[PDB]
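Student: Pasting an experimental structure, sequence included:
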Amino acid sequence: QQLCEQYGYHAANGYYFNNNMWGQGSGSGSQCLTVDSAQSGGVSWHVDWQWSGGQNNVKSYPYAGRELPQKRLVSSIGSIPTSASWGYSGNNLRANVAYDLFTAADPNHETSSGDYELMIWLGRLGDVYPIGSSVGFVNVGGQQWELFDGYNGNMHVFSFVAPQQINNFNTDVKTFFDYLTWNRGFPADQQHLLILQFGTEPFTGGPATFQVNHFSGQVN
């Protein structure tokens, strides 16, 4: 499946993919997401892109996501085992590589995509910035991260950013949720987990390829 249109979309075997060129209007370029494998044990895919303009504007967030038929209360989730293997190539890369999760208390959350957004940046290429401000370094699930805290509209956004790129990553994402409820006031018995996604936010550069050798994730 080759997904070049702005919102070309594929789903199979419990995973979905979206080219997700939502910011294409803030610059110029092209992008195609190709699905290499989509199985119940995990997915494989890559996206090719070239992007220019809008120096500090995200052009897209191509991703694969785990299908979540029930939106579970974080306090009800035993674990979120996930595994990711990726690589980047191309010139002048300004992009990140990140897990993206969203939670909300009501299903009809009106003015935003979720009460909370939780990102985990495995990659940070070039001078690119998460939302909010640094609150320092924290240790979660066997790794040290720079935690960013901020708001994107109504949404409270927590970004755990790896100080050097992590190309092969295994964790339980519930431990990041635990960190947030023990230390940053996250209300675990009110927020339902809406989304578990993984991909790349390009800003500028290319011709580039973000290669996902393997992604898997579950909400248990």
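Tutor: All right, it came through fine. Numbering: from 1, shown residues only.

Student: Okay, helices next: where are they in the protein?
Tutor: Taking DSSP state H to define them, one finds helices in the chain at 174-183.

Student: contacting residues around residue 204?
Tutor: Neighbour list for residue 204: 27, 51, 52, 53, 54, 55, 59, 92, 94, 126 [criterion: CB atoms under 8 Å, 6 or more residues apart in numbering]. (C-beta placed from N, C-alpha, C; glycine too.)

Student: hey, which strand is longest across this structure?
Tutor: The strand that spans the most residues within the chain, counting by DSSP state E, is strand 192-217.

Student: So for that strand, what gets flagged as buried?
Tutor: Residues of strand 192-217 classed as buried: 192-206, 208, 210-213, 215-217 (neighbour count, 16 or more other CB atoms under 10 Å).

Student: do the same with stretch 65-82
Tutor: Judged by neighbour count using 16+ other CB under 10 Å, the buried positions of stretch 65-82 are 65, 66, 68, 72, 73, 74, 77, 80, 82.

Student: so what's the last one closest to, chain neighbours aside?
Tutor: Spatial nearest neighbour of residue 82, excluding adjacent residues (CB to CB, 6 or more residues apart in numbering): residue 217 at 4.0 Å.

Student: who's in contact with the one you found?
Tutor: 66, 80, 81, 82, 83, 173, 196, 198.

Student: Farthest-apart pair in those, please.
Tutor: In the contacts of residue 217, two members sit farther apart than any others by CB to CB. They are 81 and 198, at 13.2 Å.

Student: So residue 9 sits against residue 33, correct?
Tutor: No: with contacts counted by CB atoms under 8 Å, residue 9 stays clear of residue 33, the gap being 9.3 Å.

Student: rewinding a little: just put the contacts of residue 217 in TSV and tack on distance to residue 22.
Tutor: Shown next, in TSV, are the contacts of residue 217 (distance: CB to CB, whole Å):
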residue	distance to residue 22
66	20
80	25
81	28
82	23
83	26
173	23
196	19
198	17
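
Student: Out of these, which sit inside strands?
Tutor: 66, 81, 82, 83, 196, 198.

Student: Now do the contacts for the fourth one.
Tutor: Residues in contact with residue 83, defined by CB under 8 Å, 6+ apart, are 42, 169, 170, 214, 215, 216, 217.

Student: please redo it, this time with the cut-off set to 7 Å
Tutor: By CB atoms under 7 Å, 6 or more residues apart in numbering, the contact set of residue 83 is 170, 214, 216.

Student: ok, now how distant is it from residue 208?
Tutor: 23 Å (CB to CB, to the nearest Å).

Student: The first one too?
Tutor: Counting by CB to CB, the separation of residue 66 from residue 208 is 25 Å.

Student: Same check on residue 136?
Tutor: Counting by CB to CB - residue 136 and residue 208 are separated by 31 Å.

Student: Ok, residue 11 next?
Tutor: Distance, residue 11 to residue 208, using CB to CB: 25 Å.

Student: One more: residue 158?
Tutor: Distance from residue 158 to residue 208, by CB to CB: 27 Å.

Student: For this protein, just list every one of the strands.
Tutor: Using DSSP E, strands in the chain cover 2-3, 9-12, 15-18, 28-39, 42-52, 63-66, 81-90, 94-104, 116-125, 133-140, 143-152, 155-161, 168-172, 192-217.

Student: I'd like the ones you listed written out as CSV, with distance to residue 181 added.
Tutor: CSV is the format used below for those (distance: least, CB to CB, whole Å):
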stretch, distance to residue 181
strand 2-3, 36
strand 9-12, 31
strand 15-18, 28
strand 28-39, 33
strand 42-52, 28
strand 63-66, 22
strand 81-90, 19
strand 94-104, 11
strand 116-125, 11
strand 133-140, 12
strand 143-152, 14
strand 155-161, 11
strand 168-172, 15
strand 192-217, 13
